[PDB]
């Protein structure tokens, strides 16, 4: 298994020193870029929810960058994800992606912000090739805990969408992972 670089919509290799919008494979009603929005009834002082839009005719996504363990971005390696936007000191962690507590209503964990870069705070994700066109994301939570007889001892789950207060909220899912492309801003 030799490390395969991740490609953006121009075929260029994904790259830590740059930023991309996470865009839907689809168009119209099935389109909608990922963005940073306010989570319903959150106690956070900042926007802390990871959503995608209902269509592609609205606004463009919130740009993100990827932070790998080493130097490069390959498929199936732990990385941090961070919304790349101007921000006051307080809300800097609320741009870093992570996975939240178990949600009894949805029977899974929602994607949110308030994570950390380069630690073990449920803030690790993987980019892998989709079955259909494009990529999907994985959340690899609890890196400090051995998942018994798991690949590389790690719990990993596909990232998809749940409907929460009529919005497309990103969360861990079982079928239909969100199929994405990466568009360099």
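Positions refer to the first chain, counted from 1.
Engineer: Once you work out the mean C-alpha B-factor for both 10 to 18 and 169 to 177 from the entry, which is higher?
Structural biologist: Higher mean C-alpha B-factor: 10 to 18.
Engineer: Between 118 to 126 and 35 to 43, name whichever shows the higher mean Cα B factor according to the PDB entry.
Structural biologist: Mean CA B-factor is higher for 35 to 43.
Engineer: So if I compare the CA B-factors in the entry for 64, 50, 148, 29, which one is the largest?
Structural biologist: Among 64, 50, 148, 29, the PDB entry lists the largest C-alpha B-factor for 29.
Engineer: When the CA B-factors of 90, 104, 78, 110 are compared as recorded in the entry, which is the largest?
Structural biologist: That would be 90, according to the entry.
Engineer: Could you tell me which third, lowest, middle or highest, the C-alpha B-factor of residue 82 occupies within its chain?
Structural biologist: Answer is lowest: the recorded C-alpha B-factor places it there.
Engineer: Among all modelled residues of this chain, ranked by Cα B factor, put residue 160 in the bottom, middle or top third, i.e. lowest, middle or highest.
Structural biologist: Tercile = lowest for this residue's CA B-factor.
Engineer: Using the B-factor values recorded in the entry, state whether the Cα atom of residue 97 falls in the lowest, middle or highest third among the modelled residues of its chain.
Structural biologist: Ranked within chain, residue 97 CA B lands in the lowest tercile.
Engineer: Sorting by Cα B-factor within the chain, modelled residues only, which third would residue 137 end up in: lowest, middle or highest?
Structural biologist: For residue 137, whose C-alpha B-factor we compare with every modelled residue in the chain, the answer is the lowest third.
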